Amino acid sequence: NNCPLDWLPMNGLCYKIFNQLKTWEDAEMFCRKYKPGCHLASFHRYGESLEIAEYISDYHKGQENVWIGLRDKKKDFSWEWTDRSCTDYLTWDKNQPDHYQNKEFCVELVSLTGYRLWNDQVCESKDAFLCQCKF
């Protein structure tokens, strides 16, 4: 009804992991250009993080990390979602975010954590990615 068969429906939106590897920026443009009304995913509750993590664990083969829509463009710990939603929830991995070497401003789901925790990472890294769309 709300979403096509191969998309995860949650709180009015539809989510899908893509196994293809891309930079954070390339992943966002792809989601946006996939169908009108799409972006890399934004998270707003713990239940979402867990339902999403399990979904990726079941539908994604490999240990590659997954890009999500959070980023720090101003480069000063002001994380914002590409979909323009509120940053009213977080779940950083242990010791994150750390702006490692001052080159990490794009967020990724950490494979080692069952895709449940976030990590700021180099945007030029090649990760799989999670799109979020309205249908």
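So that there is no doubt, residue numbering starts at 1 and follows the sequence shown.
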Revision key, fill the gap. Of 101 to 109 and 25 to 33, the stretch with the higher mean C-alpha B-factor in the deposited entry is 101 to 109
Check your understanding: Mean CA B-factor: is it higher for 73 to 81 or for 39 to 47?
Key -> 73 to 81
Revision key, fill the gap. The third of the chain into which the C-alpha temperature factor of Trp92 falls is the highest
Point to revise | Third of the chain, ranked by Cα B-factor, where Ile52 sits | key: middle
